[PDB]
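First come two forms of one protein chain, each written alone as structure tokens, so that there is a structure 1 and a structure 2.
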Structure 1
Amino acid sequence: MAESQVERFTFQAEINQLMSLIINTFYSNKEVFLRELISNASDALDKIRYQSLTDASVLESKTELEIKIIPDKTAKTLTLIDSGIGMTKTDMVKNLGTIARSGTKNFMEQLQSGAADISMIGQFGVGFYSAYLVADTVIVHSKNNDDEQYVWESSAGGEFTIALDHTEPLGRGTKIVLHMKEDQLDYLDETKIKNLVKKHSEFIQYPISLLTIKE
């Protein structure tokens, strides 16, 4: 018998609103979700990279600085793994939903006024939530040098959970799994995703591997 403690958290009110907005509104061009996944991976990779300049020991958990992108049609998932800095449990609790952040209300206001469109979400520091343009459920596995591996999960609806992660160890970094909406499964088509990764990684300084799963 396996045993696991799972903690449930409620999204901050504005974050809940933003998630409903991203989910319950039709947006015709959703490819920003991929730009954001890759940009966030790159940011996390930058952070560990710069940390390694002043402290070489930070890389001992995983030497490679790389991104892996894994479309899996059978599983209806898109997975993006980085070997960046990773996030502690508290990092994920604080930054993946409980704490109100500086750009949330401003983004929502600009969405409604037309000052911003959905593709500009990243500028407001809430680009993670763009995953809900294409996914019903998002799972974030993360491993920071200062903590054990944890797994965050949400299907929106106002709550997330976080638990000690007993799945494949990352060494260091973050593995985000998007459980794709039935209407957005075309994002798992091999050629489509390969080419979109090319399109949205033009300024990325880290190796990317595209691993297409066949079952």
Structure 2
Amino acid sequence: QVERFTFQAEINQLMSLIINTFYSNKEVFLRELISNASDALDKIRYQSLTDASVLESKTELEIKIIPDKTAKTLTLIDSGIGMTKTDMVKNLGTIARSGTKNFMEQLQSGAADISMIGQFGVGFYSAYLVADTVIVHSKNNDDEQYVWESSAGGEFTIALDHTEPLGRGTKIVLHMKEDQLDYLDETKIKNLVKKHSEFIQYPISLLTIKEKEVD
């Protein structure tokens, strides 16, 4: 079963602005997504300080990053608190803070910059600086694994996830744009992850997939 939702008006503007207009430091997306991953890890960790049984679904607190040149995807997986179905609609389809709604006017006027999008809990959408389509798989202890998809257009979808179980956490899949495929190159992404994760307290693994014909 697939359930359709409309983005809240501001989110469409934020997304239109991100997609339609232009920015020069697209690499901030990685910083934002790694920061979200760390936040989620912080959340489950803080829960485990009062109740260590929350960690049972997946004991490792870590981030995994997988560039796939063949699939043209960059995937980021964290074992954070994950999102329930309601959490997904809220966190990926709405703006909560009224302060964030004002910031959208300072951003749209050009006074504010894309790189500060994270200070208002919307750094996620910076993924559309490099990806035409973004898939989010998420699993929270108090609910089932759901999968969230959007390619903008004023709408997103959510379904029960039947792909590989996460145990607990969030998997974001960016279907890269053709012009932004070098983010899947080993040296590029390694240095960018190193740069944008210096203060992150969690381990971060970078996967490299090499393919050679036998001869």
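Numbers given to residues start at 1 and step along the sequence of structure 1. Rigid core (definition): largest C-alpha set, two forms, superposition within 1.5 Å.
Colleague: Under a superposition restricted to the rigid core, does residue 90 display a Cα displacement of 2 angstroms or more between the two structures?
Modeller: Shift at residue 90: below 2 Å after core fit.
Colleague: On a core-based superposition, does residue 115 travel 2 Å or more at its Cα between the two structures?
Modeller: Passes the 2 Å threshold, so yes.
Colleague: Once the core is aligned, please say if the CA of residue 101 is shifted by at least 2 angstroms between the two structures.
Modeller: Yes; that C-alpha moves by at least 2 Å between the two structures.
Colleague: Report, to one decimal in Å, how far the Cα of residue 137 moves between the two structures once the rigid core is superposed.
Modeller: Comparing the two forms, residue 137 shifts 0.4 Å at C-alpha.
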